[PDB]
Amino acid sequence: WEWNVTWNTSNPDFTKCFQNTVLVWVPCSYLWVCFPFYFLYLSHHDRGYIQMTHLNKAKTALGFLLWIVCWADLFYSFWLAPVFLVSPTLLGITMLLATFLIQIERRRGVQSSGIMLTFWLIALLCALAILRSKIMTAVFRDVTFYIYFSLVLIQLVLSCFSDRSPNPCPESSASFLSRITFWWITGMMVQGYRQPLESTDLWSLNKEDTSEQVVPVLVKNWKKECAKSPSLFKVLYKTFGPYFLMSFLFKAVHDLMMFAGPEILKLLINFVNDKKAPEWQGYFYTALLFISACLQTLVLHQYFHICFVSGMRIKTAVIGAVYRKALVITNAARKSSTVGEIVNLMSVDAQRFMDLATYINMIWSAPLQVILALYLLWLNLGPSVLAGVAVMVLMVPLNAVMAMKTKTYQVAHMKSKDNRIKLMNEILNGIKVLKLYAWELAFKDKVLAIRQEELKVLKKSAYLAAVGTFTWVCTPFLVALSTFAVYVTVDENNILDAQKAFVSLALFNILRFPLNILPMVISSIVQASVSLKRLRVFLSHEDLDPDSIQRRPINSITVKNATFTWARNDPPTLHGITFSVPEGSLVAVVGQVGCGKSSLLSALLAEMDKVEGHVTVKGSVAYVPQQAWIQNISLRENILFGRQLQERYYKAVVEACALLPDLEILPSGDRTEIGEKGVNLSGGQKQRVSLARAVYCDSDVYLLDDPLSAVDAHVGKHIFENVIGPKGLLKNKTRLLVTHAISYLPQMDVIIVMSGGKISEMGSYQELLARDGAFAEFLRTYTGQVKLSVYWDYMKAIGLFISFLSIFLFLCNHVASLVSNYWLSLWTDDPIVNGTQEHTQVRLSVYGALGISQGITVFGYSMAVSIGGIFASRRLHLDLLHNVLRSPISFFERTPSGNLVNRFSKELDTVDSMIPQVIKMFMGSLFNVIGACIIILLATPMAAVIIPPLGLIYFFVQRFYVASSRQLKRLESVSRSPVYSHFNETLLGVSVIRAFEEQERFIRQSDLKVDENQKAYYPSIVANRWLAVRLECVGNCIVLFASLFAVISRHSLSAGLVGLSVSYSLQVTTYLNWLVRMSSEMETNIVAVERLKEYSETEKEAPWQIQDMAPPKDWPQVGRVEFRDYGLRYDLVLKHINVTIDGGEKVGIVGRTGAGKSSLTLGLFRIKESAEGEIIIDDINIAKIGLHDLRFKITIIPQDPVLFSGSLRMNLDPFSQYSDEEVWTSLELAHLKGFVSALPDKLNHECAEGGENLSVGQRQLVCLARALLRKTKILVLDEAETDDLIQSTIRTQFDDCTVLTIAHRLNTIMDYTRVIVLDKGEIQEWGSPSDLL
Ligand SMILES: CC[C@]1(O)C[C@@H]2CN(CCc3c([nH]c4ccccc34)[C@@](C(=O)OC)(c3cc4c(cc3OC)N(C=O)[C@H]3[C@@](O)(C(=O)OC)[C@H](OC(C)=O)[C@]5(CC)C=CCN6CC[C@]43[C@@H]65)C2)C1
Ligand SMILES: CC[C@]1(O)C[C@@H]2CN(CCc3c([nH]c4ccccc34)[C@@](C(=O)OC)(c3cc4c(cc3OC)N(C=O)[C@H]3[C@@](O)(C(=O)OC)[C@H](OC(C)=O)[C@]5(CC)C=CCN6CC[C@]43[C@@H]65)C2)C1
Ligand SMILES: N[C@@H](CCC(=O)N[C@@H](CS)C(=O)NCC(=O)O)C(=O)O
């Protein structure tokens, strides 16, 4: 090895000894170090054995022949040089290891072998180098090498094809090349462009990615850890750590390869410096740069794939284990953890684990990258690098402090947003009463105040985000300027050549990311630490005793000397209970409140903690809980409960529970979506469903914990007759019922009466009555791409001046960056005379000036984008609120309240906290690309020939990525919510699930939902990897072309220009993809703006204030109402209405369901526009008057009074227009002075959502107080205990005012003269009740 023939000569030939030693030791050596390690994977991971195919044999036969040929050399050598013995033997032996390896790979079922392929690629390159040398030298030993090379080439070609296998995910069947360069998802991207993607188009999860695979492994490892009485981290890295080990390896390789880049750039700069260097050296350097960049791309995205897959495995396993634990944990643990905390364990903790696994390897990669970059910068610049290190040491803690303060601001913003969302939910749930009361402006002002607090904290967060963008963008320049200034100023002979400038710039750009992610990674580790503590606490919770009850398959229920607890430390709730319930007997638990009736049924289900005794419940148990648990599935599936539908049995169960009227009122019948999310049901209906579900399940033992609490007396008696009674559906079933109603007690076979959780003289009804003891005492007790129009809409919401100022500032920022780097290039070209550079302080001053301009302009554009985002969020929230409050009631009835809430929640978030940062990221990911391309084209104009082709590539790739990514993302977005929702359901009805033994069915359902979520999430991240690989190699193909054109025209190019072009190309690589990912984020984020502005063109209500035809104060002077040919369409509910209500004349409206009674009040308040009608109050038409005016001059007491959160005074007078004396007088006149004076907060009593603290009677009297305080001449009443009080109060002082009354009860309407009867909208009778009869 000497430099004359290998590097100095125009023919780069390797020496003969080098050829025969190192070029042969490289490939053989690769297989020798990998072979042992590869058994780990081959053994731990198995997939069967592949059959005998021609391909596998072809490879094995060529491996045999190749070994022979290599040993044939040893034979000829045996037939002087020491290398002519060891090298052929070694090659033969490693070849024998290669053929054995494909053999064992066949045995272990691997279709594509990364090792064999790479190994053959390295062998091929080594053979190619020797081949070229041997063909340039020119029989004896050469022909053996030609045979070796041809066989190696054919072996390499064979190794690319995938062998036979031993809507699935194509990742498995994918070849090694298809796996490293993600190609099995190309079909998904093309399909997503051509057709919309649905959940039916998504591939089935990998068998190792499925919940049924990952969750049991974690559960087993947790069981092992808990048996060794517990570290959840130990379990986590014992279960997923093995798989994550490869990411660590890939992470290291990427770090080394990414530092190779600046070294090769240094070599290229040195090559351009000397004009006597052979050109092949420059082509070798650019090939090395291209190869290292492409390798770094591959290993990096393989590392990312491993990290993301491991994060999935962790999230799925954690979710499954949490679900199973919740299915097994005891009542004390559930009481400790509430409900939202457990769902938080299922959502935020598992998501934190996944997001952490994405970047946790940085906790070591970032320090190692920093150390390596600092050492290379030292090698370049001496001790002058300490200035840049000092700048970094200043900036990184600054970034951490700003991140902590941003977290504080986000906590405050979340609190204020939750307040706003609560207020908006109460506004939407009660918008009818708001519009009827003309209260839209007051609640608008309330929401605006909450949003003002939210916008203040958002503005502070925006200031912080702008400073953070400034620091992140301008820290590389600060480091470069500090190190360059110190370098040139400490020593006059410190020459700043291109080698010491642009290589150092590349090193600073390498340093930029790790420094910025290290604080974030440490914060993520701390958050994952607290989340891991929460998960470990939940998974260490006490498990319920499964055998607490004997659960004997088919004296039916046996309890002897059994005492139960609700907690180990807590005293017993049921002391010394004994009773035997025979098969097919009706037993009623009897007691007072807090006696221990429900505790008995909980104890029979192994929900109580049994401190002593023996319970032997025989056969299946159907539990009807006191608090009805309703699944969000349809009512039919609620009753079925995952059971085969039997039409006769179902249709016998539904009416026996008297569920037929409930089915009739509900829109879709039994297919209606009952539950919290769907249609809400009354308590009695929920008890009916629960009882119907229990009856359909057809158990032998029934535990009915007060099934008839909320059903009415007639409905309850009917239910008992057809279901629970001896002549009902459950005649032969053992029914244990908890009741406090005597009506059905004589029909009960056995009455278990207890007191204070103790058995107290149980027996039959007649015998217990005869005994005259405790029972007698008890009885005596009583699509396409988002349009540019919405981008322009967001730009206008920001403000055209702010948006265009930010665009100008960003353009100035990158112009300054480009000019600063060009100035550095000119600086590096400064000649050396007398050992120094003449122009240093001028160059340094201009570099610093350009950097200061860049910094102030970066701060400027970050400020402009951040502030414009605040402005846009304010404008969009105001417009959305105004449009919502102006839209008619029909709009709220039509549109589900879910999407209306999803406009003020999430969508505002996307607009205010996400869109500005995505805009900032896109601007950079775009102008970094533009500046790099401009620099490359200006330095090497010929590089314009590769801009079109690669650009075309970019186009197509971007297209497919975008056209699929959003779809995948939206699929992911629709899959995450059900899982937690399901968990919530499982947390609410865990007692029901345990009693019905449906734990496995719900575990499978949770596995399904998670698997659907992961089936949406996996294609998304693999899409990210696909886009990256393609466009990063595209950017790396440019790096190649930029360096190649630099070496082609090196004689007319300076070293500074070459270094500049190559450095800028090195980074355009890390951005062409981020440019697309950010374009996709823009497309998927601007839709939020589109959904915010969608109620802007819908039909709105008539103007609230006309101000041209406004009425005079006291417009209803007497309140003379006249319906002149009124017609209202909800075809016409109201028709031919010609009635006249005189001023101060009491008038009521009677009619059956389906008449226009209520719709008539909607006519008075103009809720629905008059299809044909001229309602006139006194001498003024209603339709001409603005809405607010009439809504203020007419008052209405609706069916269910809606009390809004806040003080009582804000309920009575939201505008605070009426004085305190008027409020006090009205409250006293409303029979409420005694109660209202009782609250410690006086008039400022904080009533919760809907006035839950207040009683129904009180809320009704508060609504009456509102109407009384209004002091208007026209009042409407909507009637459904306190009825005597509200009726007397409406009859007390409102005799002066004209009162319309719609009552479903004839008793009250009889008092009012002039009754109007509505048959089907027509006026059936118009006269006084005396003329009625
Ligand atoms: C409110 C502060 C905030 O939270 C910080 C910051 C940005 N957040 C929004 C959240 C977010 C981040 N990534 C995302 C990718 C897609 C969608 C959202 C995000 C990011 C993150 O990873 O969070 C975990 C992040 C971003 C960049 C970043 C380092 C960084 O995390 C340490 N880089 C600086 O170090 C920039 C970058 O150019 C770089 O590193 O250049 C050397 C980076 O490109 C590469 C090759 O990585 C990237 C990535 C999108 C590409 C385009 C240009 N832009 C500029 C910023 C940068 C980014 C968190 C907001
Ligand atoms: C694959 C799709 C996508 O890439 C995922 C997801 C969103 N992306 C858009 C890219 C993006 C992200 N951040 C940004 C910040 C500015 C500009 C762009 C982005 C984010 C990211 O940082 O990527 C690296 C991200 C976002 C949120 C997120 C977790 C998350 O990534 C870990 N949340 C969970 O923590 C949400 C959040 O509300 C929350 O805490 O919810 C309980 C979160 O609030 C906090 C305190 O963090 C935040 C952050 C801005 C606040 C406002 C409301 N929104 C809702 C989503 C959330 C975010 C990437 C699209
Ligand atoms: N050079 C960086 C590259 C990491 C990188 O690409 N940056 C972020 C993006 S901010 C990332 O990890 N991307 C993951 C993704 O594709 O979501 C390293 O040291 O790994």
# chains A, B, ... in the order shown; residues from 1 in each chain; ligands from 1
>>> residues_near_ligand(ligand="ligand 2", cutoff="8 Å", atoms="only C-alpha atoms and all ligand atoms", output="ChimeraX atom specification")
/A:348,351-352,355,407,410-411,414,906,909-910,913-918,969,1020-1021,1081,1085
>>> residues_near_ligand(ligand="ligand 3", cutoff="7 Å", atoms="only C-alpha atoms and all ligand atoms", output="MDAnalysis selection string")
chainID A and resid 255 300 304 359 365:366 510 513:514 1024:1025
>>> closest_atom_pairs(of="chain A", to="ligand 1", cutoff="6 Å", atoms="only C-alpha atoms and all ligand atoms", output="JSON lines")
{"residue": "A:465", "atom": "CA", "partner": "ligand 1", "partner_atom_place_in_ligand_line": "1 (C)", "distance": 5.5}
{"residue": "A:512", "atom": "CA", "partner": "ligand 1", "partner_atom_place_in_ligand_line": "42 (C)", "distance": 5.2}
{"residue": "A:513", "atom": "CA", "partner": "ligand 1", "partner_atom_place_in_ligand_line": "35 (O)", "distance": 3.8}
{"residue": "A:516", "atom": "CA", "partner": "ligand 1", "partner_atom_place_in_ligand_line": "35 (O)", "distance": 4.8}
{"residue": "A:517", "atom": "CA", "partner": "ligand 1", "partner_atom_place_in_ligand_line": "32 (C)", "distance": 3.8}
{"residue": "A:921", "atom": "CA", "partner": "ligand 1", "partner_atom_place_in_ligand_line": "54 (N)", "distance": 4.5}
{"residue": "A:924", "atom": "CA", "partner": "ligand 1", "partner_atom_place_in_ligand_line": "53 (C)", "distance": 5.4}
{"residue": "A:925", "atom": "CA", "partner": "ligand 1", "partner_atom_place_in_ligand_line": "52 (C)", "distance": 4.7}
{"residue": "A:1070", "atom": "CA", "partner": "ligand 1", "partner_atom_place_in_ligand_line": "46 (C)", "distance": 4.6}
{"residue": "A:1074", "atom": "CA", "partner": "ligand 1", "partner_atom_place_in_ligand_line": "51 (C)", "distance": 5.1}
>>> closest_residue(among="A:986, A:1036, A:1287, A:632", to="residue 322 of chain A", atoms="only C-alpha atoms")
A:986
>>> closest_residue(among="A:1243, A:1263, A:1023, A:404", to="residue 1076 of chain A", atoms="only C-alpha atoms")
A:1023
